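This document opens with one chain alone, in structure tokens, the form deposited in one PDB entry.
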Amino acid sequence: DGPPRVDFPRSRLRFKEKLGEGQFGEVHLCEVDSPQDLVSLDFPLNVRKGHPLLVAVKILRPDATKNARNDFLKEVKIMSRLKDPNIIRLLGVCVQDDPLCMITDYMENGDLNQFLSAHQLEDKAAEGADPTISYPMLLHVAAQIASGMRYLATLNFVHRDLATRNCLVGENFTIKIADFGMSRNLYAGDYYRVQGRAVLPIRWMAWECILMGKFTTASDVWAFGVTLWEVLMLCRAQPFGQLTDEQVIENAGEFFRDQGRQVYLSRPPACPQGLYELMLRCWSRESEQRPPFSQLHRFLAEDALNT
């Protein structure tokens, strides 16, 4: 659980592509040369013979301030603690000399938002003639997100920014939860200045997060309710897309006032009624009435398939 004491061989990382940016610096796609030497010092790489081993590297700015440097190593320690199939896992680090590095698996299919947008629901031939996804598989995607968040809750770890844009897709519809920050141009519209505070993902936020700034596992459940909606809409629309950002903030006030003026996300066509009612409980006014991730996961893996 402690951070690794010996660095990954920096010289083995060979650059291919830039994957992204951030205030910290860049994330690179790298190839690991002769990876069969290194699994012997695991570093549990999933070397599949006959295939090149690709890897994502989060790299600290070479011009980084001392405080950003400090923050980067704080994250190394946070990431070192996270050990679950549905959470981004640290393969290795490089911190006993510059540049500072965190290394993780490569997910071939990028973020879940862009992946679902490219798919048509199966039975619906409103196609591009073009990738389809079955309803069982939609559910399987959602179940994996639920299981990852359930793991994070056992750690008393609060994510604060769960959404499909922060989920990565590997082979066979496998999912991992990540945390990109909010610099990607593609999702600039998912973040808005809350007065007297910070730029935040208001459309995924529980009312107590918007009004007061209280983030907890129960607010993570609320964000999952919104994330599940996304998945069952196949990411064709932003939550509360009719409403302006200012209206979204006003709507949080109406949840608090609880007088029937608030509005909720409606039921996606792909979502059965039983699953919609569970979805609704995620948005309960009282935190303690929101469902535990254990319940959410069990329903998605079992009951939602037949109803």
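Take the two forms, superpose them, and find the largest set of C-alpha atoms that agree within 1.5 Å; that set is the rigid core. Residues carry their position along the shown sequence, with the first being 1.
Across the other PDB entries of this protein whose models span the neighbouring residues, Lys49 goes unmodelled in a third or more.
Per the compared records, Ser40 is unresolved in at least a third of the other entries whose models span it.
Counting the unmodelled positions of the deposited sequence between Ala129 and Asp130 gives a small gap of 1 to 3 residues.
Stretch comparison (264-272 versus 29-37) by mean CA B-factor in the PDB entry places 29-37 on top. Stretch comparison (76-84 versus 222-230) by mean CA B-factor in the PDB entry places 76-84 on top. Comparing the C-alpha B-factors of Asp258, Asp63, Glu246, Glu277 in the entry, the top value falls on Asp63.
Per the PDB record, residue ranking by Cα B-factor puts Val158 in the middle third of the chain.
Annotation for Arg89: C-alpha temperature factor in the highest third relative to the rest of the modelled chain, per the entry. Annotation for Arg184: C-alpha temperature factor in the middle third relative to the rest of the modelled chain, per the entry. The PDB entry assigns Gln195 a C-alpha temperature factor belonging to the middle third of its chain's modelled residues. Compared with the other modelled residues of the chain, the Cα B-factor recorded for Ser294 ranks in the lowest third.
FYI, the form deposited in another entry isn't displayed, but the following is about it.
In a rigid core superposition between the shown form and the other one, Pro52 is the single residue of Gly274, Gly241, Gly253, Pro52 whose Cα is displaced by 2 Å or more.
Superposition of the core reveals a Cα shift of 2 Å or more for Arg12 between the shown form and the other one. Core-superposed comparison between the shown form and the other one: CA of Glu21 displaced by 2 Å or more.
Core-superposed comparison between the shown form and the other one: the CA of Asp190 stays below a 2 Å shift.
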